[PDB]
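**Student:**
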């Protein structure tokens, strides 16, 4: 993790982090884990993550990793503190639309975030619009947000 | 009719705009629906406060729509305690024009106020007209023989 | 579990039949009483609400951590009109999206007591939208299961999918009481 | 008690297989689902005329009447009372039938509509009004349009036809065609109902909006019929063509109702001829002489003044009469139905009107630019 900003994965409510269009065999619990197990989808490669934090938290950077087989993300739209139906992601204003490149999606790439727009984040939803190889489904890895609590 | 004029106060316009800006956040940009509060003086309505209610509808089908009417009663009692003289006089929605399903929503609101007045409050800053369009439900008796139907009749609105 | 539920009661004309003792409407009133109580004891924060499946769907009560008002509303429910299963789930889905607590899990209880009069394509596309939104609807196939066993099969199979265990399609044959089959049903398990 | 069903199981007036299907519903207690089967059987295409279906009431349906939809219970009795022909005891059948269906208001409407239909047959017109003034009051309370609306208007229209009120028959028969789909009705019923409605419009009091009637889809059933002359006659009234009306007298004079009230008919078209003269002429030249009214309406100049009084008193037209100059100053006409072409012409006036408003809007803005806020 970058100096001065911790890995916020333990901070989040594991019981309360829901996922949308997630294949049962690999789910959100396996997504947050550092191990090989992923979060694949069933309906389409399109997928909607929802992440609710325990306490107010700032997001400095994220590590939304995916396998380099092509199922990794190539278009991530991040939404902050929504008062999301797979049609809003089609037409809305993301906090920071992110084209996660192959370097960004590997096991070592971190994705910088606009720290200006990520300051008071009680709940965050990340949407995978498109993957890299135009496959039917996607796959994720230990998607963790790097930052500090609001305090 | 039962309503001669609807006077909408600047607090309602600011509240309705704030309702739209906080629900119509990064979530979506549909119309938001709330509940209008005000008093009655002779035959001129005096819309003076409002509170938001949870509401959703289908973009395609007009018969599919949800309004948290239990939320309506809970906050009305919350508002009645502070200001008892301010009762429900109707509902509002920020839709730029009327919708096919408003006549159904007014029926839901007609239980809490028999002479419910719908006021369309355009959040967009229209250049020439007032943002408020006050409507009341009337039973239009057609002379062609077509069966009597529930329609909205325009009521002159003033800020 | 911490989940919010809506019961999709039926008040169509067919609920006047005495196929379920004494009346299908009275049978479902007891049945709703049991599912509504069952969710309350699973977790005191459970939210339950009542929606009708009449000619036009009507939300009688939104989610509330109360049980008596659910039976208070079902008391006045009178049989009238025809089932509209297509719009009932969506309207119940809308109320779920506006729950008091976003941490709760989606859940709908459907009491189909009249045939679903639409093409199988409409039921199939409806399930995918619920599955995308992680919405689980437990449907009880009492009444006219001789004709509804195939349309609802496409619902649960598409919604649950491979190894779903999220929505069950419990079909009770006509008997003494459909509620007596609910305590052994996976809905309350 | 179900022995009558068992009796008809083997040797029954209907098809024994049909009773077997009805039998299964009773054991399965599909109380509503039997009604659809029962409705399919009450209109039995074999023994509807035979008197075996009256016992179907006391033996079969009186047993399970306590838990059947009240609205569906009533029209099932309507065809039961159809089989019986005794008038007086049919009432006590329906008064008893009226009582049991009390929770459903629509069921009450159908019951009172039924007793009015049979009572109109016996000619007790006075108490039909008392019923008809009561069922009409209730039906407004019921929201929307329901399946009992149509049967009421059919009875209500049939009532006014007997008395002779063409005006209210016109109003009520319009409601009938507005409460049922046009396609469903038989062509013979379509043709007959359109004709008597058009006949009522000519004969009605205050029925001057003939353009809206002319577009009623029920009249399209009379395009090729031998009764096309009514449509041609209605065209004359809409256009205010008294010359066509007298020319068509060889046709409408044969109908007893129109011929008997020709003097009243000639007065109506003369009034409509007055509106046509006013409507056709531009607002600059709406000063009609007595000669034009006399010539166009086929009346003597001395009768022109009284003609304008009826038009002015009813409200068809607005204006004043200048008797010294033999001229009528016309200021307003009842708005009428316009074709698409005339609507195009109306919009063309709006284009000129829009330009004039915009022209001075830019004129005041330009001239008063310094002081404009």
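Residue numbers (the deposited numbering), protein chains in the order written: chain u, 119 to 201, 204 to 271; chain Z, 4 to 162; chain b, 2 to 190; chain a, 4 to 376.
Backbone N, C-alpha and C define an ideal beta-carbon position, used for all residues, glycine too.
Consider the Cβ of residue 180(u): report whether some Cβ of chain Z lies at a distance smaller than 8 Å.
**Tutor:** Here the question's residue 180(u) lines up with position 62 in the first chain. No - not a single Cβ of chain Z is within 8 Å of the one on residue 180(u).
**Student:** Any beta carbon from chain u within less than 8 Å of residue 163(Z)'s own beta carbon?
**Tutor:** Residue 163(Z) is absent from the structure shown; chain Z starts at 4 and stops at 162.
**Student:** For residue 178(a) and residue 370(a), what's the separation of their Cα atoms in angstroms?
**Tutor:** In the fourth chain, residue 178(a) corresponds to position 175, counting from 1. In the fourth chain, residue 370(a) corresponds to position 367, counting from 1. Whole-angstrom Cα-Cα distance: 57 Å.
**Student:** Are residue 139(Z) and residue 156(Z) closer than 8 Å when you measure CB to CB?
**Tutor:** Your numbering for residue 139(Z) matches position 136 in the second chain. Your numbering for residue 156(Z) matches position 153 in the second chain. Yes, the pair counts as a contact, with Cβ atoms nearer than the cut-off.
**Student:** Please tell me whether residue 163(Z) and residue 243(u) are closer than 8 Å, where the distance is taken between their beta carbons.
**Tutor:** Since the first residue shown for chain Z is 4 and the last is 162, residue 163(Z) is missing from the structure and cannot be characterised.
**Student:** For the region 127 to 138 of chain Z against the region 76 to 84 of chain b, do three or more pairs of beta-carbon atoms, one drawn from each stretch, fall closer than 8 Å, so that the two count as touching?
**Tutor:** no
**Student:** Residues in its own chain within less than 6 Å of residue 151(a) by CB, not counting five upstream and five downstream?
**Tutor:** Taking the first residue of the fourth chain as position 1, residue 151(a) is located at position 148. For residue 151(a), where only same-chain residues beyond five positions count, the Cβ hits under 6 Å are 109, 112, 113.
**Student:** What's the C-alpha gap between residue 136(u) and residue 21(Z)?
**Tutor:** Within the first chain, residue 136(u) is the residue found at index 18, counting from 1. Within the second chain, residue 21(Z) is the residue found at index 18, counting from 1. Each residue's Cα considered, the two are about 29 Å apart.
**Student:** Look up residue 170(u) in the DSSP assignment and give the residues it is bridged to.
**Tutor:** Your numbering for residue 170(u) matches position 52 in the first chain. Bridge partners of residue 170(u): 243(u).
**Student:** Can you find the residues in the same chain that come closer than 8 Å, C-beta to C-beta, to residue 116(Z), ignoring five residues on each side of it along the sequence?
**Tutor:** Position 113 of the second chain, counted from the start, is the residue given in the question as residue 116(Z). A distance below 8 Å between beta-carbons, with the five flanking residues on each side excluded, links residue 116(Z) to the following residues of its chain, in chain order: 90, 91, 92, 93.
**Student:** Just the chain a side, please: which residues come within less than 9 Å of residue 154(Z) by C-beta, in chain order?
**Tutor:** In the second chain, counting from the first residue as 1, residue 154(Z) sits at position 151. None at all; the shortest Cβ gap to chain a is about 13 Å.
**Student:** Based on Cα-Cα distance, which residue from 322(a), 346(a), 347(a) lies nearest to residue 335(a)?
**Tutor:** In the fourth chain, residue 335(a) corresponds to position 332, counting from 1. Taking only the C-alpha atoms, the option nearest residue 335(a) is 322(a).
**Student:** Between which two residues does the alpha helix (DSSP H) carrying residue 299(a) extend?
**Tutor:** As a first step, residue 299(a) must be located in the fourth chain, where it is residue number 296. That run of the alpha helix (DSSP H) goes 293 to 299.
**Student:** Determine contact between the region 145 to 156 of chain Z and the region 95 to 108 of chain Z, defined as no fewer than three beta-carbon pairs at a distance below 8 Å.
**Tutor:** yes
**Student:** Could you round the C-beta distance between residue 71(b) and residue 90(b) to whole angstroms and report it? I think they count as a contact, below 8 Å.
**Tutor:** Position 70 of the third chain holds residue 71(b). Position 89 of the third chain holds residue 90(b). The beta-carbon separation of residue 71(b) and residue 90(b), rounded to 19 Å, does not stay under the 8 Å limit for a contact.
**Student:** Grab me the residues of residue 75(b)'s own chain with a C-beta within less than 7 Å of its C-beta, minus the 5 sequence neighbours each way, in chain order.
**Tutor:** Here residue 75(b) corresponds to residue number 74 of the third chain, with the count starting at 1. So the list reads 10, 30, 33, 51, once near-sequence residues are dropped.
**Student:** State buried or exposed for residue 351(a), treating a residue as buried only when at least 16 other CB atoms are found within 10 Å of its CB.
**Tutor:** As a first step, residue 351(a) must be located in the fourth chain, where it is residue number 348. The residue is exposed, with fewer than 16 neighbouring Cβ atoms inside 10 Å.
**Student:** Anyone know if the C-beta pair for residue 60(b) and residue 37(b) falls short of 8 Å?
**Tutor:** In the third chain, the residue the question calls residue 60(b) occupies position 59. In the third chain, the residue the question calls residue 37(b) occupies position 36. Taking 8 Å as the Cβ cut-off, residue 60(b) and residue 37(b) do not qualify as a contacting pair.
**Student:** How about residue 278(a) and residue 319(a): are their beta carbons less than 8 Å apart?
**Tutor:** As a first step, residue 278(a) must be located in the fourth chain, where it is residue number 275. As a first step, residue 319(a) must be located in the fourth chain, where it is residue number 316. Closer than 8 Å, so yes.
**Student:** Along the chain, where does the beta strand (DSSP E) that runs through residue 9(b) open and close?
**Tutor:** In the third chain, residue 9(b) corresponds to position 8, counting from 1. Counted as a single uninterrupted DSSP element, the beta strand (DSSP E) harbouring residue 9(b) occupies residues 4 to 10.
**Student:** Report the residues of the region 25 to 54 of chain Z with a CB closer than 7 Å to any CB of chain u, ordered along the chain.
**Tutor:** 25, 26, 28, 29, 30, 31
**Student:** Between 97(Z), 80(Z), 36(Z), 18(Z), which lies nearest to residue 51(Z) when the distance is taken from Cα to Cα?
**Tutor:** Counting from one through the second chain, the residue named residue 51(Z) turns up at place 48. It is 18(Z).
**Student:** Listed in chain order, which residues of the region 232 to 251 of chain u have Cβ atoms closer than 9 Å to some Cβ of chain b?
**Tutor:** 243
**Student:** List the DSSP bridge partners of residue 142(Z).
**Tutor:** Counting from 1 along the second chain, the entry for residue 142(Z) is found at position 139. DSSP, once it has assigned bridges, lists 153(Z) as partnering residue 142(Z).
**Student:** Can you look up residue 123(u) in the DSSP assignment and give me helix, strand or coil?
**Tutor:** If you number the first chain from 1, residue 123(u) lands on position 5. Residue state, collapsed to three classes: coil.
**Student:** Does any C-beta atom of chain Z lie closer than 8 Å to the C-beta of residue 131(b)?
**Tutor:** For the purposes of this step, residue 131(b) is taken as residue 130 along the third chain, with counting starting at 1. For residue 131(b), the answer is no, since every Cβ of chain Z falls outside 8 Å of its Cβ.
**Student:** Beta-carbon separation of residue 157(b) and residue 97(b) under 8 Å?
**Tutor:** The residue labelled residue 157(b) in the question sits at position 156 within the third chain. The residue labelled residue 97(b) in the question sits at position 96 within the third chain. Between residue 157(b) and residue 97(b), the C-beta spacing is not below 8 Å.
**Student:** Classify residue 96(Z) as buried or exposed, calling it buried when 16 or more other Cβ atoms lie within 10 Å of its own Cβ.
**Tutor:** For the purposes of this step, residue 96(Z) is identified with residue 93 of the second chain, where counting begins at 1. Residue 96(Z) comes out buried.
**Student:** Measuring CB to CB, does residue 67(Z) end up less than 8 Å from residue 113(b)?
**Tutor:** The residue labelled residue 67(Z) in the question sits at position 64 within the second chain. The residue labelled residue 113(b) in the question sits at position 112 within the third chain. Result no, Cβ atoms of residue 67(Z) and residue 113(b) do not sit closer than 8 Å.
**Student:** Can you list, in chain order, the residues of its chain with a C-beta nearer than 8 Å to that of residue 5(Z)? Leave out the 5 residues immediately preceding and following it.
**Tutor:** Position 2 of the second chain holds residue 5(Z). Cβ within range, chain order: 46, 118, 139.
**Student:** So, with DSSP's three-state summary, where would you put residue 187(a)?
**Tutor:** For this step, residue 187(a) is matched to residue 184 along the fourth chain. Of the three classes helix, strand and coil, the one that applies to residue 187(a) here is coil, per DSSP.
**Student:** Would residue 150(Z) pass as an interface residue toward chain a - the criterion being a Cβ-Cβ separation below 8 Å?
**Tutor:** If you number the second chain from 1, residue 150(Z) lands on position 147. Output row for residue 150(Z): interface = yes.
**Student:** At what residues does the alpha helix (DSSP H) containing residue 222(u) begin and finish?
**Tutor:** Counting from one through the first chain, the residue named residue 222(u) turns up at place 102. Residue 222(u) -> alpha helix (DSSP H) spans 222 to 225.
**Student:** Taking the alpha carbon of residue 216(u) as the point to measure from, which residue in 189(u), 130(u), 193(u) has its own alpha carbon closest?
**Tutor:** Counting from one through the first chain, the residue named residue 216(u) turns up at place 96. The shortest C-alpha separation from residue 216(u) is found at 193(u).
**Student:** Cβ closer than 9 Å: which chain u residues qualify as neighbours of residue 104(b)?
**Tutor:** Taking the first residue of the third chain as 1, we reach residue 104(b) at position 103. Residues of chain u passing the Cβ test: 131, 133, 134, 136, 170.
**Student:** Let's see if you can read the secondary structure: which residues bound the alpha helix (DSSP H) around residue 119(a)?
**Tutor:** By one-based count along the fourth chain, residue 119(a) stands at place 116. Counting along the chain, the alpha helix (DSSP H) containing residue 119(a) begins and ends at 108 to 125.
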